[PDB]
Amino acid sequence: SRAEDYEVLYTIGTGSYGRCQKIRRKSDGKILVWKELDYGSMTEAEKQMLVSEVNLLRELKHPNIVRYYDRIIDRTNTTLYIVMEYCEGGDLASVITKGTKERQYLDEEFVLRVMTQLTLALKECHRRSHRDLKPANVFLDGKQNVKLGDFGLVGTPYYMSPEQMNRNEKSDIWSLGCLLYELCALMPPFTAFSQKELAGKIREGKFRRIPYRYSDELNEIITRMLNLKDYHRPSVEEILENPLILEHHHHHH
């Protein structure tokens, strides 16, 4: 369990946080990634907190949660490595940006994939009771699997639920709603320049139908997730009973 067991291929992303690099396990040549963190400038508190968060990621194993592998300490450079699975398809933010740019709507089949696997990711989290549902925290592997990252475990808070906009599992359903919405329409359901304007729109509860290449059923269920009354939003179980969701929309090994 040392850094010498792995070889850096190259950097994927840079912090902020630190650095994110694609790596190769030397023992077998498995492709992984790790997140670089430099704790050299943290108090003992922040370091204890950090060891607390790290112990959390060692707990969750689930086919739709980004899989933790290992933690590596280098007291030499005062650098912490968190090793996880490679998600070659990158994040959803990029897919959404890419579709926005090339003006190409995603396939309903792909939407159903994200809807199905994220819902399962939720049901896992609520059980162990966390992680936030936003396009940047959703990752795609090479097998059409959708995986939830660790974020949350200046910007306009597009995915704020009406309730949390004031003073609840159904709050997550809303955010999921906003996400699939953005995935269909290539833009959030509510947009504004100030947060106050945003809150004005979220409370009115009106938005556009998602594009007509997407079926009525798909739109109905997203619409129901964006209901102002949390009790009218469907449960994880209600979402899965939907005739739209089929075996092939689930995770595969």
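Numbers follow the displayed sequence, beginning with 1. The term rigid core refers to the maximal set of C-alpha atoms that superpose within 1.5 Å between the two forms.
Taken in 9 other deposited structures of this protein and fitted on the core, 54-62 and 206-214 differ in how far their Cα atoms move from the shown form, and the one that moves more is 54-62. Farther on average from this form in 9 other deposited structures of this protein lies stretch 5-13, the comparison being between 5-13 and 234-242 by RMS Cα distance after core superposition. In at least one third of the other compared structures of this protein with flanking residues present, residue 132 is left unmodelled. Omission of residue 99 is seen in none of the other entries compared for this protein where the adjacent residues are built, far below a third.
Coordinates are given for every residue of the deposited sequence from residue 136 through residue 137, so that no gap is recorded there. In this entry, no coordinate-free residues of the deposited sequence separate residue 104 from residue 105. Taking the mean C-alpha B-factor of each stretch as recorded, 31-39 and 207-215 are not equal, and the higher mean is that of 31-39. Taking the mean C-alpha B-factor of each stretch as recorded, 158-166 and 142-150 are not equal, and the higher mean is that of 158-166. The maximum CA B-factor among the listed residues 94, 117, 77, 171, taken from the PDB record, is found at 77. In the deposited entry, the Cα temperature factor of residue 87 places it in the lowest third of its chain's modelled residues. For residue 98, the recorded CA B-factor ranks within the middle third of the chain. Only modelled residues enter the ranking.
Residue 249 sits in the lowest third of its chain by CA B factor, as recorded in the PDB entry. When all modelled residues of the chain are sorted by CA temperature factor, residue 48 is found within the highest third.
Ranked against the other modelled residues of its chain, the C-alpha B-factor of residue 221 as given in the entry falls in the lowest third.
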